[PDB]
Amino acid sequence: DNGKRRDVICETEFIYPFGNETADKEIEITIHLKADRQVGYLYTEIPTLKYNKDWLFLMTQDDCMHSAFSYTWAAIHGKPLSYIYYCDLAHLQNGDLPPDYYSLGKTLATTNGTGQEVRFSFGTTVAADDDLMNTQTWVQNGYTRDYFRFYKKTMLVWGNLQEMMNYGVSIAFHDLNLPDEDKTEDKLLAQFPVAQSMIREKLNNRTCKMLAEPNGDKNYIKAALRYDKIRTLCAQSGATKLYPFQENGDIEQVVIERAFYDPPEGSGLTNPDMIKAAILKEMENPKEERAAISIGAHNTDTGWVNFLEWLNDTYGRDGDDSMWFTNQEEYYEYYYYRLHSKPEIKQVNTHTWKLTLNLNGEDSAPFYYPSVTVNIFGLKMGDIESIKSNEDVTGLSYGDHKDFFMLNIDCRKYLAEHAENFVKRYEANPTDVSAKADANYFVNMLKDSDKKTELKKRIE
């Protein structure tokens, strides 16, 4: 019965198998050249920012907020939006939508520099040791007597966060669920693995490796530095301001500076107003001198939706495409690869070159964003007869950039199976335009293969 009230635990039908992700990748890409395009010398580098972007935007949304799903994630991913209400996953799955719902008509994204969409990425904190994540959702198609089922919840329900994981959204610790008087360094340290166990239980064995400091409470940083699963941290003070083109050291266990850009009291300005102003000032400097725009957010709203669209229209896919909009975990992993991986290219014969690179994350858990960009100097797309890759490469796109050649290499072990899960979702909901768009987006991440061809045929 469509009109009957149901109170359900939000659930998604698949989650990327984070626990199974391989920690070590061995990339081997073979480049075969056209006969009259024999080149004499090639050399390679991993660029400062993925996709050869010019500058970095980092976003972490605190307090495990309902709006991280209903506003932030929904706006990025082309989902139904509301001006005053807060959808849960089960509302979207059932088509039980609030009375003011609308859509932007597009996703919010950059390109990867080689012709594919890269949707904006961000992280949310998680209140994994808080039973309020187990709250149910009221679903009732066609019910208009009230809209209480769409009111803001105190925090995300697990199903919302589980679905966000399928789109690369990151996670971070924040407050832990202890009495205020028990928030000592030692007691917080003991509670981190308790929260971690729930994260792994619910997020298909993903391990959280980030702390967003709560409310200037340094006991959280001191405790987190003794819990070796946490590799990256952020705070407003007692941190390091990130300059992506200048930073030279290890950032293992480093507190990266992140600002909320609160507006002056009574000024009528919003946080997005303040961030926009900071971005404009920063872009006046040469890219090598720019700090990262590293931001925190609390509740997101219509103004934040419009700000995300402004970023898309100005520095993303519909603007100058200069920005890398990501979460701190993906950036941390990329910086680690740039520091420790050493791409090499060797001539195999007169017309064949072999590019090799190892991606090895830290010993605590598999890195979850095992993708890099490699530039080849001395080569152009027009020289190339064919490109082949080994099994560890699951996504591969490439093309000219400025006067050189770039490859975007994705090594997520279960990427093809993940794309097929989105295809199956579309096949089960073939009238859902957003489901078909998601299927095309994920299938387009895959390297050329029989499986990619199969999946493309299923979503024509």
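When you see a residue number, it is the position in the sequence shown, counting from 1.
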Quiz item: Higher mean Cα B-factor in the deposited model: 66-74 or 27-35?
Solution: 27-35
Practice problem: Decide which of the stretches 189-197 and 346-354 has the higher mean C-alpha B-factor, going by the entry. | Solution: 346-354
Exercise. Sort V157, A172, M164, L280 by C-alpha B-factor from the entry and give me just the highest.
Key: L280
Quiz item: Which has the highest CA B-factor per the PDB entry: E181, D100, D318, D130?
Solution: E181
Exercise. Divide the modelled residues of the chain into thirds by Cα B-factor and specify which third, lowest, middle or highest, holds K451.
Key: highest
Exercise. Check where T44 lands among this chain's C-alpha B-factors and tell me if it's the lowest, middle or highest third.
Key: middle
Quiz item: Considering only modelled residues of the same chain, in which third does the CA B-factor of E13 rank: lowest, middle or highest?
Solution: middle
Quiz prompt | Third of chain Cα B-factors occupied by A297 | solution = middle
Self-check item: CA B-factor ranking of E333, expressed as a third of its chain
Solution: lowest
